[PDB]
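Given next are the chains, with one letter for each unit.
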Amino acid sequence: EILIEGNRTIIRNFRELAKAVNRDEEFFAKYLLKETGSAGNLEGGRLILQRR
């Protein structure tokens, strides 16, 4: 599910992500970041959050 290396973590949240895509999947992963604050990454199928 969630994996962290160095300072960036990728999450295989594709399920939600799929729904998200219809509503801007890209945008969603950003959300994860929004929630945290540090930095975020979005991929068409997986959501990634980058901690502080």
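Its PDB header names solution NMR as the technique used to obtain the model.

A. Geometry of helix 2 (residues 25–36). Its twelve residues place the ends of helix 2 18 Å apart at the C-alpha level, agreeing with the 16 Å of an ideal helix rising 1.5 Å per residue. Summarising the contacts, the buried residues of helix 2 are in contact with helix 1 (14–22), strand 3 (39–43) and strand 4 (46–50). Phi for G37, located one or two positions after helix 2, is positive at around 130°.

B. View of the packing of aromatic side chains. Taken as a whole, this structure holds two aromatic pairs when the rule is applied. Considering the side-chain rings of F27 and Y31, the 6.3 Å spacing of their centres and the 65° angle between planes classify their relative orientation as edge-to-face. With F27 and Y31 both in helix 2, this residue pair falls four residues apart, about one helical turn. Residues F28 and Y31 carry aromatic rings whose centres are separated by 5.9 Å and whose planes lie at 15° to one another, so their mutual orientation is stacked.

C. Structural view of the nonpolar core. Counting seven residues, the largest nonpolar core is built from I11, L17, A29, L32, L33, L47 and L49. Among the secondary structure elements, those contributing two or more residues to this core are helix 2 and strand 4. When residues of this core are assigned to their parent elements, the largest contribution, three residues, is made by helix 2. Excluding residues that lie within four positions of it along the chain, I11 makes contacts with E1, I2, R46, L47 and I48.

Reading the values: the criteria
- Residues numbered from 1 in each chain as written, not as in the entry; some residues may be left out.
- Heavy atoms only, no water.
- Helix = DSSP H or I, 4+ residues; strand = E, 2+ residues; numbered from the N terminus.
- Expected span 1.5 Å × (residues − 1).
- Contact = heavy atoms within 4.5 Å.
- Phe/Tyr/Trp six-rings, centres within 6.5 Å; stacked < 30°, edge-to-face > 60°.
- Core = buried A, V, L, I, M, F, W, Y, C linked by side-chain atoms within 4.5 Å.
- Buried < 20%, exposed > 50% of the residue type's maximum accessible area, 1.4 Å probe, protein only.

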